[PDB]
Structure formats: C-alpha cells, structure tokens
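Reviewing the structure listed below.
Reckoned from all heavy atoms, side chains included, excluding hydrogens, waters and symmetry mates. Chain letters run A, B, ... following the sequence lines, proteins first and then strands; every chain starts at 1.
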Amino acid sequence: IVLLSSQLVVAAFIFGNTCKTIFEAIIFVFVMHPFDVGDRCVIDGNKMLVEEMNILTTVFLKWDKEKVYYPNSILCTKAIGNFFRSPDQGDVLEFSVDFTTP
Amino acid sequence: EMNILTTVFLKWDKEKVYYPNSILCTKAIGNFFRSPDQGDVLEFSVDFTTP
Amino acid sequence: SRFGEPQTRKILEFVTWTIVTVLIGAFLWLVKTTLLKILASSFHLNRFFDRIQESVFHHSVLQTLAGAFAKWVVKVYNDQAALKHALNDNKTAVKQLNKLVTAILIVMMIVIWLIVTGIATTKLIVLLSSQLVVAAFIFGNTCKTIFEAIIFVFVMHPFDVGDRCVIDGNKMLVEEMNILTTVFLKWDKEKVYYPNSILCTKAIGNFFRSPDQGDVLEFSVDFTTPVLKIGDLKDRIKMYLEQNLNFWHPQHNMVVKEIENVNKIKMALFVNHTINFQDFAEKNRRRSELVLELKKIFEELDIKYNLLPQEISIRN
Amino acid sequence: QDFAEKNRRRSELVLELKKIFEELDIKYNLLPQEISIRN
Amino acid sequence: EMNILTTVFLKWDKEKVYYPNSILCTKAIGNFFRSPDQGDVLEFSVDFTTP
Amino acid sequence: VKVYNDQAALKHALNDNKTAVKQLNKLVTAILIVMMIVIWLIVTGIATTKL
Ligand SMILES: CCCCCCCCCCCCCCCC(=O)O
Ligand SMILES: CCCCCCCCCCCCCCCC(=O)O
Ligand SMILES: CCCCCCCCCCCCCCCC(=O)O
Ligand SMILES: CCCCCCCCCCCCCCCC(=O)O
C-alpha cells in the first residue's frame, strides 16, 4: 500500500502539469462556457464558426471555411466575442469631405 | 455582468465578450463611471505665415 | 521526400515474494499491452476506415480494367501510398511508446523485487530513494514533454500524414509524424523539423479535412462609376460564375465597403470554390481565371479609376 | 451571426451615402500646389 | 560543428555563430540538405491594359 | 601522396560528425565512476549508515 502511494506521488511530480491542463480545459468548457456549436465567435480578430467542442480542443471554421484546431489550454486565456449571444449590433461608415463644404 | 471566473462586456458595436478574470486582473482598467468630469483635445494645424 | 517529390524458513519467504512480484509484473504487463492496443487501433479505426475501403475499391477496379483516365490512375496510387505511410508511422510511433514503457516497467519491477523480498537493506533503500528523487528532477521535463506529445499526436490529432496544414500562415504538407517532432514541407519543399512541444500550443489549420473553401477578390473603382455600371458588374459576374459550375458554386456576394474621399469605392467579391484547398495549385488556377474575367468585364463596361485632380498655381 | 446579411445591408447604406454626396454636390479636393518655373 | 551544449553555424557571410542547443530545441529548423528538389517564385506586374 | 592526403581528409570528415558522441562518453564515464565509488563503499561494508 505504501509503495503504491509512493509512486502516485512521483507520478504527480512528473505529470501533474498535464493533468492540470486537462482540468483547466474542463472548467473552460463546462463552467465558463463562452460558446456553443454553431455560434460565430471572435478570437484575436478572427471571425470563426464553432464546429465542434471537445475537452482538449475546439474546432472552428474561418470565413473561407478552413478548419482550425485550437487547444482549449490556449482559449482559456483569451477574450472571446460571441455574436450569437449578442444584442442587435451597430456599425460605422467613415468618410471625409472638403473643408470648404458649407 | 460579473462573475467569479469571467467578466462579460459589450463593445461599442455591442458584441458580447467573455473576458477571463485571470487575465483581466493583470491589466490597468479605466472606469468612466467613477471618473470626474473629463477633458478633451482638438488638434489642428495652420500655415506658418498666419499672423 | 514521400510527398511532393517530382534456514528453509527464510528461503521460502523469499520464494513466495518472488512469485508475488512476478505476478505484479504480469499484471502490469497486461495493462501496458492493453493500453497500447487501444491507442494504436482507435487512432486509425475511428478516423480513416472509409479511406481504406475506397482505396480497395479503386484497386479492384484497376485489376478489372486490366482484363483524364491517367490522372485518375495516378490519384489512386498516390492515395494508396498516403494510407500506407500513415499506417507505418502509427505502427512506428506505437513501437516507440512500447519501448519507453517497457523499459520503465522493467526497471520498476527490479526495484519492487529487491525491496519486497527483503534483499535490499536500509542503506540500499536510502540510496535508491535518493537516486529516484534526483532522477525526478533530471528527467522531469522529458517525461512531461513526451506525455504532452502523446496527447497531441494521438488524442488531439489535428492532422494526418499527407494533409496540407496551416501553421502561423505557413501552408505546409505533413510529411512525417513522430512523437517528438513533426516533419513538414513548405510550399518550396523545404523540409522543416517542427517540435511537438511547440506545435501543441498552436492553432492548426487543416485543408484536407475542410469543406469546400471560399475566396475573395478585392478591387476598387472610381467614385463616379454610375450605380448602373455597378449593377451591370454584379450581373456579369453572376453570369460568369453560372457558366462555370464545375469550379464555382452559384452563391457569391458583392460587397461595397468604403468611400474614400470622393474618389474611390472599395469593393469585394466573395465566391465559393467547389474544392477544399488541399490541391493548392488547382485553387490558384481557378482563381486566376476569375481575376482575368473581372478584368474583361471592367473593360467591356468601361469601369475606370482616376486620380484626384490637382490644382496648380504658377508664379512667373 | 449572419455576416453575409450584415454586409448586404451595409452595402446598400454605403451606396446611399454615395448617392447623397452626388445629389448634394459634396466633394473632396487636394490642396493647391504652387509652382515656380525657372525654364 | 555539433556539440552537446551548443551548435556552431556559419552565416552566408561566414560569420561563426554559436547557438545554445537549449534555444534550438524550441525552434522550427529547415534543412536544405535533406530536402527534395526545391521550387521558387518570380513575382512581377504588368499594366491593366495588357491584352 | 594524393591518396594519403585524401585518406586523411576523409577520416576527418567522418570524425567531425561524431564529436557529440565523444563528449557524451566523457559525461557518462564521469557518472559511472562516481556510481562505482558509491557501490564500493556500500558492498564492502566500509561505509556506515549515518554517513
Ligand atoms: C487528468 C488527466 C488524465 C487523462 C489523460 C487523457 C487525456 C484527457 C481525456 C481526453 C478526452 C478526449 C479529448 C478530445 C479528443 C478529440 O479532439 O476528439
Ligand atoms: C475549479 C472549480 C471551478 C468552479 C468554481 C467557481 C464557480 C463558478 C463561478 C462563476 C463562473 C461561471 C458562471 C455560471 C453561471 C452562474 O452560476 O451564475
Ligand atoms: C526522449 C526519449 C526518447 C523518445 C522516444 C523514442 C523516439 C520517439 C520518436 C522521435 C523521432 C526519433 C526517430 C527518428 C530520427 C530520424 O529522423 O532519423
Ligand atoms: C562533465 C560535466 C560538465 C558539464 C557540462 C555538460 C556537458 C558535458 C561536457 C561536454 C562538452 C560540451 C560542449 C562544449 C564545447 C566543447 O566541448 O568545445
């Protein structure tokens, strides 16, 4: 019994960090829950559609439908926009005219 | 809205943004609500020869 | 490259414990074997079973035929090769995992035997304990790295061998997969060794696994272009796309984006290809023809862009 | 959530702005350049 | 030359450069020697009115 | 004389890619010697347990 417990401690020392990552990803997916499948999200300015959610990764489609795999261990530290959940959105048209325009 | 793990914000165009508190807490945050009357600037230029 | 190429009392106590240790060993052996079999199988069985069956079908057909055709025949052989390479790399990776695990299993069993049997004495236990602690630091990052690499390769599995992937804007073909590295070919066929410990933190694109992809043609026209010519441009583009349905889906959008000064209107044409971008050269050939069609339409409709006029004052 | 639709609506607004500038005769001009000629 | 702690490289102008292996271990490394025949690109532009 | 000069050039060209192995050998050996000192101290019983 002692020997078994001793090795669990060693394994923790060595692999605890990967277990930590998996757990953090679980919290991101089930507790924070920033998006669902089919939502358009904005990550680093990229407007992407969520195709699939998993524990370790999120699969998105870019505007040109390239499939992209993001580790959840990375998404956990980003600010994520979600258009699906947004209220009516606004916009801007910028332009310029001559100084002398009455 | 506010929560323990994440703060939710709306941008000027109203997209909804989920922003983890674990990153937000290491940033400097301005707050216009709590601010006193604020100031502003108009920059412009004129010709050198203007008297 | 594979792709892209042109005192019987004490004696019995001893024996009893030796037998127990041996059984522990067998148990762990069984566990080890089982986990590797699961990993090795599920990796492919639940992902490309169907590609294997397609390959078998086409070869059955070729054998039958023997009793753009050439382009088809070549594609059939290239796809079979890709599956063979994926299969061999998986077998290799699993064998490498097998060696790492077998070796640690053997070592721990030696230690277990020595201590449960009473052979190791207090001083030996102290030294073994220290050796393990020191090793824990030295090989600490290595063990972590290998573990993460295993999860990346077998669990996350963002790409297979032969897939055209996009990493940090670099469109690269996967040549080989291993536990510590992935080998990629760049568009100019430079061979790149890319560590998995880095690749594990990136967003990785995969064209092979993508649905039909879209594209954009951006352009500008003069601000004075009559709205009627803008309407004719939209109509002419629609007719072009509808006459080439082997290349383009009927759905497209013309977006007017911006008015700069009162001189320029910025526009973009959004189109949809009938292919994904695994064949990059083919994508560019189809796009190239669309760009030349846009050229032709502008000439026929007399769509122009002029620079703003400059007023000049002359002193002597 | 639907970008193609957003852009269609925005495009019509951009073209309306174009139309208004033309009808109201709103322009932009470059600053005049004085030239001295030494032949 | 290659050693355990460092790799020594020559730049195009033959400057001798010493890299810690500890930093090379985290880089993507191209290898021309091991590459298949390589390709290239010539970019250019022409007038819009070119027939 | 050309044959012997070419032989020397080739032996060096081949030995140049094995320098890392020679370095590893020295490292491993140093470790091995230390391990054997410790083994000697323990197996002969000369060392005591407090030390
Ligand atoms: C606490 C960690 C121990 C378990 C280690 C095994 C890896 C975590 C479980 C993987 C679940 C499947 C993840 C999604 C895979 C996919 O992208 O299809
Ligand atoms: C590792 C454990 C994490 C869970 C402990 C924190 C509890 C959740 C904190 C709020 C963020 C998620 C919002 C859920 C909706 C709600 O309950 O209001
Ligand atoms: C770090 C400890 C060893 C890891 C397990 C064995 C090696 C795993 C596979 C990585 C690639 C090494 C083999 C190919 C080398 C080559 O390119 O010739
Ligand atoms: C024996 C421990 C020494 C500590 C340094 C660890 C590496 C072992 C020594 C081998 C030499 C490493 C390369 C340095 C360059 C050279 O040898 O010229």
Side-chain angles (χ1 to χ4, degrees), chain A residues 47 63-64 91-101, chain C residues 214-244 247-273 283-311, chain D residues 3-31 33, chain E residues 43-51:
Chain A
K47 297 173 177 68
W63 69 268
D64 63 7
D91 205 337
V92 179
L93 277 72
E94 296 189 341
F95 63 93
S96 63
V97 300
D98 194 319
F99 179 82
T100 62
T101 300
Chain C
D215 207 334
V216 178
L217 278 73
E218 294 188 339
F219 61 92
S220 62
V221 300
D222 200 276
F223 182 75
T224 62
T225 300
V227 74
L228 293 173
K229 289 189 184 300
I230 294 169
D232 287 343
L233 179 60
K234 289 178 181 179
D235 191 64
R236 291 292 305 276
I237 292 166
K238 180 176 177 179
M239 289 188 283
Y240 174 80
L241 293 171
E242 290 180 355
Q243 293 173 351
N244 294 276
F247 293 171
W248 306 102
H249 287 287
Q251 294 77 17
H252 68 283
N253 296 290
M254 178 67 78
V255 179
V256 179
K257 295 164 66 173
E258 176 178 347
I259 300 168
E260 179 178 352
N261 300 323
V262 295
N263 200 59
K264 184 188 288 188
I265 300 167
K266 296 177 183 172
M267 300 186 181
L269 173 65
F270 292 82
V271 298
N272 293 284
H273 288 272
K283 180 196 92 76
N284 283 337
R285 285 190 285 268
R286 292 179 186 198
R287 190 181 185 279
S288 181
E289 290 184 353
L290 181 60
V291 174
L292 291 173
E293 179 68 11
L294 183 60
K295 177 189 183 301
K296 182 176 176 178
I297 293 167
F298 288 161
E299 291 176 355
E300 290 173 354
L301 298 177
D302 201 33
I303 296 170
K304 301 175 286 288
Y305 173 77
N306 293 314
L307 298 173
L308 288 169
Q310 176 70 62
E311 180 174 312
Chain D
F3 271 86
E5 184 64 12
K6 184 264 282 175
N7 284 332
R8 292 186 191 105
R9 293 179 186 199
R10 191 180 185 278
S11 292
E12 291 186 354
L13 181 59
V14 173
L15 291 173
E16 184 69 12
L17 183 61
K18 177 188 183 299
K19 182 179 179 181
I20 293 167
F21 289 162
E22 290 175 351
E23 290 176 352
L24 298 177
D25 201 30
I26 296 170
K27 296 183 177 63
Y28 172 76
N29 294 285
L30 298 173
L31 287 168
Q33 176 70 61
Chain E
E43 296 190 341
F44 62 92
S45 63
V46 300
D47 200 275
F48 182 73
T49 62
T50 301

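Taking both residues in full, the closest heavy atoms of E:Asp47 and E:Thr50 are given as O-OG1, 2.8 Å, listed atom of the first, atom of the second, then distance. Nearest heavy-atom pair, C:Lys257 versus C:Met267, reported as atom, atom and distance to 0.1 Å: CD-C, 4.3 Å.
Under the 4.5 Å side-chain criterion, counting only non-hydrogen atoms from C-beta, C:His252 is in contact with C:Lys238. Side-chain contact between A:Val97 and C:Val262: absent, with no pair of heavy atoms (C-beta onward) separated by less than 4.5 Å. C:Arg286 has its side chain out of reach of C:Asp215: every pair of non-hydrogen atoms, C-beta onward, lies at least 4.5 Å apart. Between C:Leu233 and C:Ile303, some side-chain heavy-atom pair lies under the 4.5 Å cut-off.
Atoms OG and NZ, on C:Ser288 and C:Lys283 in that order, are 10.5 Å from each other to the nearest 0.5 Å. Note that the CD atom of C:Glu293 and the OH atom of C:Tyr240 stand 5.5 Å from one another [nearest 0.5 Å]. Atom CZ of D:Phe3 sits about 11.5 Å away from atom CZ of D:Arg10, to the nearest 0.5 Å. With rounding to the nearest 0.5 angstrom, the CG atom of C:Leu290 is 6.0 Å from the CG atom of C:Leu269. Residue C:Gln310 holds its CD atom at 8.0 Å from CG of D:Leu31, rounded to the nearest 0.5 Å. Between C:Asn306 atom CG and C:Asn263 atom CG the span is 7.5 Å, to the nearest 0.5 Å.
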Sequence neighbours left out, cut at 3.5 Å: what donor-acceptor pairs do the side chains of residues 294-302 of chain C make with other protein atoms?
residue, atom, partner, partner atom, Å
C:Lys295, NZ, C:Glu299, OE2, 2.5
C:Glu300, OE1, C:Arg236, NH1, 2.8
C:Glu300, OE1, C:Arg236, NH2, 2.8
C:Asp302, OD1, C:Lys304, NZ, 3.4
C:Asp302, OD2, C:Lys304, NZ, 2.6

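Note on ring orientation: taking the six-membered ring where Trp is involved, the planes of C:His273 and C:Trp248 are tilted (angle from 30° to 60°).
In this structure, A:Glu94 places its CD atom where only 12 or fewer heavy-atom neighbours from other residues, nucleotides or ligands lie under 6.0 Å away. Annotation for E:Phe48: atom CZ counts as buried by contact number, over 12 foreign heavy atoms lying within 6.0 Å.
Side chain of C:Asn272 to main chain of C:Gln251: a donor-acceptor pair is present (N/O by atom type, distance under 3.5 Å, no hydrogens or angles).
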